[PDB]
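One chain comes next, on its own, written out as structure tokens in the form deposited in one PDB entry.
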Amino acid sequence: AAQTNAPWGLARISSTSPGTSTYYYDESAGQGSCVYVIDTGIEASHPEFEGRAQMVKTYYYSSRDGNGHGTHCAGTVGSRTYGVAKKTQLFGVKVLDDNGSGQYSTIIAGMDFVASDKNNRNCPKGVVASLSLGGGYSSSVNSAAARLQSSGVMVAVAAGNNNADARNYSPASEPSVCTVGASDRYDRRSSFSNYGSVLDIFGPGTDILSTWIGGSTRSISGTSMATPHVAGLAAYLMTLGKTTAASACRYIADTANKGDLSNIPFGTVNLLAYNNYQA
């Protein structure tokens, strides 16, 4: 399948070169997979989600996304226009308040929630969790991400936006999950992207158009935007049967575009997420 005039990041993940604008992908499109977006919530009523999104948990007075961040990330995973895996099921877990903040204890509870809640959902092709969040190093936060991964969920986490080594941030620094840095449309490391040996992969993160609250759209930047590209890619590849939740991060690294990014510090992987779809 071909989506013309796609957001640059979608076109990038199906291309061996920057500078194109059509997204190519297998029409299975993540059908039968599920992606949890652990964030500020999801405006599930947005036409872009087509009834495939729902809130399943909140720790606050509402499950609605009063911020936009979670809706944007969910849109990059799975919206009809802005999403990588256009037929996946999206489940929102609101661990962040409407200012975008959350206590680590709540975030940990949300991760353990997903590890159990997947057993209440129909995801025959597999389960992914997208975590566009983080703070300073915490062994307890890393352990929660490790448990979620161990339980059979492909965990993708943002590297962070400090232009610093991600070893000092959580859950970015957890070795067993997929830690995602950000790139721009010219294949440069995004100016804010964290780096370091703990990164597994880069995805599009600068000037990413996606869904927003109030039934709208906007372009924003962050490792928060790169992470759902990778989460959606994992769901798509799992639906194709090419990989599993336990092996998808490694598979994405195996099949990535290699050596094509600029300003990658010595010792950080030079790997850009790529669907290897041959139309």
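Numbers follow the displayed sequence, beginning with 1.
The discussion below concerns the form solved in complex with a partner chain, not included here.
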(message) Just to be sure I understand the contacts: of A85, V114, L96, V127, which is the one whose heavy atoms reach within 4.5 angstroms of its partner chain in the entry with it bound?
(response) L96
(request) Would you kindly say which of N162, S143, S150, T81 lies with a heavy atom within 4.5 Å of its partner chain in the entry with it bound? (result) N162
(message) Using a 4.5 angstroms cut-off on non-hydrogen atoms, would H69 count as touching its partner chain in the entry with it bound?
(response) yes
(request) Give a yes/no on whether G134 approaches its partner chain to within 4.5 Å in the entry with it bound, heavy atoms considered. (result) yes
(message) Residue-level question: is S101 within 4.5 Å of its partner chain in the entry with it bound, judged on heavy atoms?
(response) yes
(message) Although the partner isn't part of this model, could you tell me whether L90 comes within 4.5 Å of its partner chain in the entry with it bound, counting any heavy atom of the residue?
(response) no
